[PDB]
């Protein structure tokens, strides 16, 4: 930096070092809080696909999954039977 | 609108287009065959070639709309008739000029 | 929605609340148009405060047009705004919203007094001169008077013809599959 | 709208799932309940929630002490040899 | 007279004591920010019931 | 320390908070509005990259154009302030007392209230 | 406009302590839209292979 | 979004459907062979136990304190004007002490937090010990809220606004009966849904449904009054 | 791309024709005063360089082209589907909304023409702005995606800002006391400031909502959004209630700031104070018949799949607005304030009706 | 018998004759007339122009004179040259609108929406269950404005 000393005399490191440190500490604490506690809680992956889920949300999700699977299976079976009946009746 | 078949059919891919002439020709042929069969429930397997042509030519949404319209038409045909509807509409329009006074001291219920 | 041996019966028209909302919007627009036409017929610079409602104390047509427009905005029964408010309350009852009916009624009565209080200011010691002068004489616009008269007729007798407007609005809304 | 293009002018990776979901929605009379599989596949290809859950589980397992040494990969023969066996390409040798 | 009319009149007057007749830019922006933040806060409070 | 998605989602609203917080000087608010538009630009680019969405990527130039038009309007309004005799510091356009201002003091344009 | 650079004499501490610090604290506590995005170094880079 | 979901649950319907029930114990049962640390840590299910009067009272107190702190953050502190000398002294404290902002926040929010906690705890105890087993739920909610908010407005705000407090309490009680103790926008059942019990044949069920439809026909005014044209 | 079907752009021809005619005539009127007199030309009368043209002809042109558009709508035929890359929807309800907006604009233009014939205090630029607003505002109901809706509403907002800019400022009144004294009126600046910043807030919040809707669902089309939300509710796959609630809150708050509903109303009061009566006459029509109607349709038709979140937000907003205005509406002392608060009260009532409908 | 011949100068009046008050048909509903070209491009639509479209243009030209004068009657402080230019602009706009209407009529004839001279081999006939207008139209002038199978 040409005339680096004259340029950096006023603000070598920071204008308000205390405030800069408070900003850094707040950022660090908030990132720690979010990543460690808050986002994991919202994600709710601790008991994901657990055979015996102790969390109401996970139990509801598994209930939805099994109910959808049962609905799809039943409708597929019924549609297959209906198509077979229609094909049989066609050749009469 | 998530439950609306009409809007879900109105949805389409960015590059999708419908060949209405060909689809309607195939559908007319298939429905003529179905009418010739003249069964209570439309059994498409009784018209294999025309059914395949109709499926190839027409889109799923168009086919769904056509089947629903056919069901409604079948129900209307089973229920009413042209002369009956004409007479009923004429009678109702004639009645509309008069008033519907309450029936006091009824006997039923 | 009722089920009898897999036969669905629907005695409710889903595309009715939208029709009622459209009716309310149209009624408010009509009444706003009436009041604004009354204002535009006169000189605009006079009306700058609620006290200046006395400036409407002009010949009978303008005076009573303003009075009835204010009453219609308030929601007095015979006038047009009552149709919209009553139909909104009827639809709320149909949907079984007693708390919504309560809050609607609170807002309606507060707004009713808000509109009505200006009738007190409408009283003037003498007759105002709010008409623009053209060719040394006040300029009265026959076209705007005719439009105000049509709006007044509809404001007075909207209840009689409301069935046709309701039919048209329900017909328009039925195209929406909701 | 779903343009269906990639970031280099190609095809969006979710285009097949989107087409399947739209076809099912159009065909079915009860699309919400009869297109659950296709819609879930499309949502998975879009969001990747299941893979994130799998990664979370794998991270927890790795944190747990169960794995010591994975088998080496003999690339010449496209085979896997146990880490115990010594090979010329082995790092420790 | 009082418990039916003066009550509401005094309520309105006392509320208007705390309302600025003329809007200012600081109040406009602060009200917008307060709505944005606290509607979200109250909705999340309803969602969670911490 | 923070994932990019969360970082940008938070900093957009933080920028809005700064815009509201800073003293209401039209030029400063205009600069903060430009910064908010650029934050939206960056967030849209991030989401477009994540989801392979050419629409999200293309939102960039739309945001740039909208921001440019709004900035032109802001320049025009700031210049119009002079002809309309309004201080850029909007807080000085009203007589309401404000402890946030060290030297806010207005008097009626008179020399003596009592003559006799 | 404002060539000399002189600005309004404004004290931000009053508003910072009255309205902004607690509101920001609450917003930070209750605000997170990122659902399941994972930081780099969450898993070893050697597991990723698609690139 | 649901308010008070647990209380307004159809246990029979969820049981017949197989839907998970919010009334499950939700408890931890550490094994007798588990570690001492595991046994100690398994006690956290007490913090989930809902039949705990003191836990519930502290829960309500925390809710009230949070609400009061939010009110102070949003409207109360900004509306209240602090003396210039006091502001200067507290700013000097911030300058002369690290993290002075935290202590200033504590001092400013202590009144609101404390009053909110007290209001929440007292309200929970009031509603639970009294009005919990009344016959008319709507009337009980209205009267309880009216009295509580009347007293609260008389004490916290001003004794001269107790009538407005009572009116606001009546309104809040009606709102709470509408959207807290009742499920208007939180429906978890289809309208008209039911369950079948007993060994009735499908033919018998269809015959009964036909009879029900015949009865339902009488609802229509035209058929009941015999005012239909011959179609 | 091999074949460009006429079905993709048939509907754009009338609007483009109207735009061309409007702008060509506007440029001709702008350059109207230029008429060279050749040295061999003879003037029957001395030219009157001072001219103040009445905009009655502009208003009549607007009425004529609106009537032609009405004729096009009446004679319109086609299939119910989307055109031009699924960005615009073409169905009976949307076309009826377009026709209703056009009819109301035509009637209001007729009344405005009569008023202008009565007295002229408005320039040709004012009615050119009105022409642009009338041409571009009914196209909103043809929006098929939130992206195109945002762009159309931004264009309409720019047109309305143009209309406010071209408001008359100084009048030749009968007050002869202020000839040599400075009188300060801040109404113009207040209107411009509040409109500009409300537009900024609404635009940024709507863009944020659009970005997050794209993140949640691959597209931003109404039908796809609703289908994906309903299927997500069925499957329980995506269950970030915080994200869904925040998206809904951002959308609702953006529209609240845009419209000027009870929580944020004071800027609307200031704008009404600073606007002329004719400007209010047109703005109330535009607002109620388009902006508020689309706001209602967001909960009724477009984003109906998200009503499980919208209901609580709407209820809270309505309650707060009612309890906030109950006392304010009795503190005003201005005609413009009275009109604005009438609009606000009607908006609150319609919001309550919308809640009842979405129930 | 109910609609003017599509090849005549009055064939453009069929735009006002509609079976139902709807704007557009449903996605799947067959057009009233056989489809000539569903995927019609600009060039083919122009090639499909007809005496009906020419008559529509002529109607636009004839009706643009009174309308242009009506628009001009609200003009003041205008020179003769500017007045004539404004009249020319308005008349040209009306004629361009007529051209657009003719283009739309050609598109409709191609798609089968309006009478294109062809008829489906088998008509899909409705059942007039709801009839509030048959007798009214028969006894009134509006029977001309509606098309009935």
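Labels A, B, C, D, E, F, G, H, I and J are assigned to the chains in the order they are written; within every chain, residues are numbered from 1.
Here is the rule we use: a contact is a pair of C-beta atoms (placed from the backbone, for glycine too) under 8 Å apart; a residue touches a chain by one contact, two chains touch by 3 or more.
Counting C-beta pairs in contact across H-I and across C-I shows that the higher total falls to C-I.
Chain I has the Cα centre that lies closest to the mean of all protein Cα atoms in view. Chain geometry summary: the mean Cα position of chain B and that of chain G are 59 Å apart.
Centre to centre, using the average C-alpha position, chain I and chain J are separated by 30 Å.
Annotation: 57 Å between the Cα-based centres of chain E and chain J.
Averaged C-alpha coordinates give centres for chain E and chain I that are 28 Å from one another.
Multi-chain contact residues, meaning those touching two or more other chains, occur in chain H at positions 1, 70, 74, 78, 87, 175, 179, 184.
Along chain D, residues 1-3, 12, 14, 25, 31-33, 36, 46, 49, 52-53, 56 each make contact with two or more other chains. Of all residues in chain C, those that touch two or more other chains are 97, 175, 178. The touching residues of chain F, counted against chain E in their complex, run 13, 16-17, 19-20, 24, 90-91, 93-94, 96.
Those residues of chain H that touch chain A in the shared complex are 18-20, 22, 26, 98. Residues of chain E that touch chain G in their complex: 30, 34, 37-38, 40-41, 44-45. On the side of chain H, the complex with chain G involves touching residues 69-70, 72-74, 77-78, 82, 87, 90-91, 94, 101, 104-105, 108-109. Those residues of chain B that touch chain I in the shared complex are 1-3, 6-8, 10-12, 14, 17, 20.
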